[PDB]
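Residue numbers for the sequence shown, in PDB author numbering: 3 to 19, 27 to 798. Everything below concerns the one structure shown next.
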Amino acid sequence: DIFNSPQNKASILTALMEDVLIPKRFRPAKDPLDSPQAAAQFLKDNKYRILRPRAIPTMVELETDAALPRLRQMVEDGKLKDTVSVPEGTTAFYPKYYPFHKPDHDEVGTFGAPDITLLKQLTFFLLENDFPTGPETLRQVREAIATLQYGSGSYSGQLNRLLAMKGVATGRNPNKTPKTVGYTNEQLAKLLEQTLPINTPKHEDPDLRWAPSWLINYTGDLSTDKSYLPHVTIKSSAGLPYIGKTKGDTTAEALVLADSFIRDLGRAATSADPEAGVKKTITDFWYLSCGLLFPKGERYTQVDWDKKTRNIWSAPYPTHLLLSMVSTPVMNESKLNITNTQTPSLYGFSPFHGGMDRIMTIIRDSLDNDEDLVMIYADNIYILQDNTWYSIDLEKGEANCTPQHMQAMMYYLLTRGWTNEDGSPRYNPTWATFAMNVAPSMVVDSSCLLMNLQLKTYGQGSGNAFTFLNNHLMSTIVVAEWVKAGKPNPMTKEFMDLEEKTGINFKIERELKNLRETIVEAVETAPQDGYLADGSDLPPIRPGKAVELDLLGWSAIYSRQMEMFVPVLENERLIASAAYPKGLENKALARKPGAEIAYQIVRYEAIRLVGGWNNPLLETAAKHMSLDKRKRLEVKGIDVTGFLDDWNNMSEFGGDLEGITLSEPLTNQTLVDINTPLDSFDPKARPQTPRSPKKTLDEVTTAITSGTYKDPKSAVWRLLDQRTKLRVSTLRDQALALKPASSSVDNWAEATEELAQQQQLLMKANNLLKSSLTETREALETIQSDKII
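Shown next as structure tokens:
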């Protein structure tokens, strides 16, 4: 007996405890900053502000019908918990927040696992198919698996991120308030009328006059039972004072705290001593300004794992609720962007249903007419000039925000949104006080919690209800300054000089040269074969050239079948998402077997839908995998159609492609359906902005340089601007000045004008002039004497 197949004999030591094609799992390094002592020393060494820790009173159980009288019937019907847990204890506690960082040095598991199954399938399919693009697709997917890692970073990554935020806010280019840049609240509002056009909330929506719990209508009758409050993610964190609880566990508690904060603020504002009362309320509710520093799940670079972890500033549920009551009713009625309105705004943009083709038409018309073009989306700016497409991103956007930026946004929302047709306010002095005087210092330049450490937040908390709005306002200032400077080319020093002028850090992320010629090429190289070409259910052998705009992560591809540009996910994103697919993170659906099962198909269909369809190797492998899974289910008689119809609520690409079904496999018709426009497009037929319709951003900028719009014409708006300059002690007098307009009394307009005349008499008193935002921060950071556990 000779010639037996050799087997690897190893030592007993080896037994007791290389493939180039498959990369080994990434094991994060040991984190030296994983202790409060080490983290605090690191921050102290790096001159990052650590606040004197404030404590929260211990929880006390109260009767729900006593705390929330509006919801007595809900308690009586056994539909709402009979007791609420509120921080009203005699003893206090210091809060601690210890987030989970996965994968970590000790645990490299299922979470953040790369799609090795897909990698193997891509390899097998490449061996059987002569796709010209195939070898590069495989190499890129393998490289993304080898260089990236999906996960929640590390304590070191989070701490280093915080340092970078301090650097943006106070380092090379220190932040500047809009006033410092040269804009009054009214001048900014005139710019925002163009860059962020808004409509008023619905006439049936409640005005900003009530305690949150009053906006809940409960009787028992399902046809009439309604909540006029913003919607919340039930499974998301409650934030302070309920660490380790979800919003679902604490809605009654959040209502109690939100009602109390707004009610107490209101009472204090009109009291005998508004300064002492307002400061006391702010100090008592300090925790409403402190976010939990949550590590964001992303496809981080392995080598930079401990250098950068993006954070989500997890806002206290009551604060989130109160802020959302101001923003959401306005924004829900304001899905106005460049594809439907004459505005640079990209708010509510979707590249699907002809959206990308509308952008391409606007780009082509601008190129043909030798016109410059600008588009704004939060911290993203797009400039078309000199036959070049530029993508400009604010450098760590949130860090550039000052409380004054948010106050200017609140001014814009309350003047252009929360207003009646007659010019009377859709708010009372209590809500004007919260919105203008307190709210901006609760989420901007406030604090965050990591472990037992209460740390300073430099700029706005990323993830707060106003993140997009505040970032959009900052980009509006950068764009307005670019227009003022005579539109300098983004590659020049004249453009880069706008960093110091605005106090806003930014960088050129993309420079797409010879745009006109690139577009011609995209049209000419469009294939005659396959999906959206001859309409067959196959990828093209050789795909066409893409116009790599990276417009909110999208590139443009020309379709011969549809005779239009269609979106495809930017290559780098497509490859990263294929390499590290997110799990069923979406909702609390994770334990649902139907959802978990359907997701496996959803994952591969979504990657095809977003642009994989146009990559022959990726399309071949992903089609095979989804079909194989569907076949297994069909044969086995396991039905997951429900989850496949409502797949949007599970896929990271779900929001983008709403109302399409994955119960049937992806075909050419799926691609046709997602790209089908409801209406034909004429850029000239797009309605103008709701406010200053005939004016352009360029005209408003020119008017501002001439000193126009320093002060609003409306007396109501003048009182709201004066509100930003007057100290908290003046709150009772400011409430009196607003009461006639707020109550819509007979001849309120004349009365408001006379009251503003009276208030103007305070405005000679330099002693009465102090930002309520500074007073809020002082009160939030104050450390009053209390006995801890």
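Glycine included, C-beta positions come from ideal geometry on N, C-alpha and C.
At what residues does the beta strand (DSSP E) containing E614 begin and finish? In the sequence shown, residue 614 corresponds to position 605, counting from 1. Per DSSP, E614 belongs to no beta strand (DSSP E); it is in the alpha helix (DSSP H), 602-618.
Closest to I792 by CA distance: which of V611, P62, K90 is it? Against the sequence shown, residue 792 aligns to sequence position 783. Looking at the Cα atoms, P62 is the closest of the given residues.
When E614, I797, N658, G553 are compared against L598, the one with the closest alpha-carbon: The count along the sequence shown starts at 1 and reaches residue 598 at position 589. When each option's Cα is compared against that of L598, the closest is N658.
What does the alpha-carbon distance come out to for the pair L729 and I513? In the sequence shown, the residue the question calls residue 729 occupies position 720. In the sequence shown, the residue the question calls residue 513 occupies position 504. Roughly 26 Å separates the two Cα atoms.
Name the two residues that bound the continuous beta strand (DSSP E) containing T100. Position 91 of the sequence shown, counted from the start, is the residue given in the question as residue 100. Note, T100: beta strand (DSSP E), 92-102.
Where do the ends of the beta strand (DSSP E) carrying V577 lie? In the sequence shown, counting from the first residue as 1, residue 577 sits at position 568. 573-578 is the extent of the beta strand (DSSP E) around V577.
Kindly list the residues whose CB is nearer than 6 Å to the CB of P721, restricted to its own chain and excluding five residues on each side of it in sequence; keep chain order. Taking the first residue of the sequence shown as position 1, residue 721 is located at position 712. So the qualifying residues of the chain are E195, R727.
In DSSP terms, what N320 is bridged to: In the sequence shown, residue 320 corresponds to position 311, counting from 1. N320 is bridged to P304.
Compute the Euclidean distance between the alpha carbons of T785 and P438, then round it to the nearest angstrom. If you number the sequence shown from 1, residue 785 lands on position 776. If you number the sequence shown from 1, residue 438 lands on position 429. Cα-Cα distance, rounded: 17 Å.
Using a 10 Å radius around the Cβ and a threshold of 16 neighbouring Cβ atoms, would you call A774 buried or exposed? Start at 1 with the first residue of the sequence shown, and residue 774 comes out as number 765. Counting Cβ neighbours within 10 Å, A774 comes out exposed, since fewer than 16 surround it.
Below 8 Å on the Cβ atoms is my guess for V556 versus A565; work out the distance and round it to an integer in Å. Taking the first residue of the sequence shown as position 1, residue 556 is located at position 547. Taking the first residue of the sequence shown as position 1, residue 565 is located at position 556. The pair is a contact, with the Cβ atoms about 4 Å apart (cut-off 8 Å).
How many Å lie between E530 and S545 at the Cα? By 1-based counting over the sequence shown, the position of residue 530 is 521. By 1-based counting over the sequence shown, the position of residue 545 is 536. So the alpha carbons of these two residues sit roughly 23 Å apart.
Taking C-alpha atoms, which residue in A198, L345, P696, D374 lies nearest to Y718? By 1-based counting over the sequence shown, the position of residue 718 is 709. It is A198.
Let me know the secondary structure DSSP gives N409 once reduced to three states. If you number the sequence shown from 1, residue 409 lands on position 400. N409 falls in the helix class under three-state DSSP.
Against chain C, does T698 count as a neighbour if the rule is that its beta carbon must be under 8 Å from one of theirs? Of the protein chains in the structure, only one exists, and it is not chain C.
When we look at the beta-carbon of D381 and count the other beta-carbons within 10 Å, is it buried (16 or more) or exposed? Along the sequence shown, one-based indexing puts residue 381 at 372. Answer is exposed; the Cβ neighbour count stays below 16.
Using a 10 Å radius around the Cβ and a threshold of 16 neighbouring Cβ atoms, would you call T228 buried or exposed? Against the sequence shown, residue 228 aligns to sequence position 219. Looking at its Cβ environment, which holds fewer than 16 other Cβ atoms inside 10 Å, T228 is exposed.
Skipping 5 residues on each side, what residues in its chain have a beta carbon closer than 7 Å to that of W440? As a first step, residue 440 must be located in the sequence shown, where it is residue number 431. Cβ within range, chain order: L217, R218.
Are the Cβ atoms of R582 and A535 separated by less than 8 Å? As a first step, residue 582 must be located in the sequence shown, where it is residue number 573. As a first step, residue 535 must be located in the sequence shown, where it is residue number 526. Contact: no.
Exposed or buried, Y309, counting other C-beta atoms within 10 Å across all chains shown (16 or more means buried)? Residue 309 sits at position 300 when you count from the first residue of the sequence shown. Buried, since its Cβ has 16 or more Cβ neighbours within 10 Å.
Is it true that the CB of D454 sits closer than 8 Å to the CB of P412? Your numbering for residue 412 matches position 403 in the sequence shown. Your numbering for residue 454 matches position 445 in the sequence shown. The answer is yes: Cβ separation under 8 Å.
Is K493 closer than 8 Å to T714 when the C-beta atoms are compared? If you number the sequence shown from 1, residue 714 lands on position 705. If you number the sequence shown from 1, residue 493 lands on position 484. The answer is yes: Cβ separation under 8 Å.
Can you check which of these residues, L459, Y467, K638, is closest to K56 by C-alpha distance? Against the sequence shown, residue 56 aligns to sequence position 47. Of the candidates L459, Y467, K638, the one whose C-alpha sits nearest the C-alpha of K56 is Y467.
With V644 as the anchor, note down where its alpha helix (DSSP H) starts and where it stops. What you label residue 644 is simply residue 635 of the sequence shown in a count that begins at 1. Residues 625-645.
Three-way DSSP call (helix, strand, coil) for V649 in this model: By 1-based counting over the sequence shown, the position of residue 649 is 640. Three-state DSSP puts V649 in coil, outside helix and strand.
Below 8 Å, can you find three or more Cβ-Cβ pairs linking the segment 255-271 to the segment 318-329? yes
Using 8 Å as the threshold, is the segment 279-288 in touch with the segment 141-152, meaning 3 or more CB pairs across them? no
Determine the DSSP secondary structure at residue 23, reduced to helix, strand or coil. The model of the chain omits the segment between 19 and 27, and residue 23 is among the residues lacking coordinates.
In the DSSP output, what is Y251 paired with across the bridge? The count along the sequence shown starts at 1 and reaches residue 251 at position 242. According to DSSP, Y251 bridges with nothing at all.
Using a Cβ-Cβ cut-off of 8 Å (strictly less than) and excluding sequence neighbours within five positions of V69, which residues of its own chain qualify? Numbered from its first residue, the sequence shown carries residue 69 at position 60. Hits under 8 Å: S94, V95, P96, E97, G98.
For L706, which residues from the same chain have a beta carbon less than 8 Å from its beta carbon, with the 5 sequence-adjacent residues on both sides left out? Within the sequence shown, residue 706 is the residue found at index 697, counting from 1. Cβ neighbours of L706 beyond the five flanking positions: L200, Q203, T204, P353, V383, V488, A489, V492.
Output yes or no for whether 8 Å exceeds the beta carbon distance between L789 and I291. Taking the sequence shown and counting its residues from 1, one reaches residue 789 at position 780. Taking the sequence shown and counting its residues from 1, one reaches residue 291 at position 282. Cβ distance < 8 Å, so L789 and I291 count as in contact.
Comparing C-alpha positions only, which one of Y420, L764, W656, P338 sits nearest to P239? On the sequence shown, position 230 is the one that residue 239 refers to. Of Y420, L764, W656, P338, the residue nearest in Cα terms is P338.
Do you know how far the Cα of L249 is from the Cα of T255? By one-based count along the sequence shown, residue 255 stands at place 246. By one-based count along the sequence shown, residue 249 stands at place 240. Looking at the two C-alpha atoms, the distance is approximately 11 Å.
Nearest residue (CA-CA) to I243, options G257, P41, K235: Counting from one through the sequence shown, the residue named residue 243 turns up at place 234. It is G257.
Distance, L560 Cα to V190 Cα: Locating residue 190 in the sequence shown gives position 181, where the first residue counts as 1. Locating residue 560 in the sequence shown gives position 551, where the first residue counts as 1. Each residue's alpha carbon lies about 28 Å from the other.
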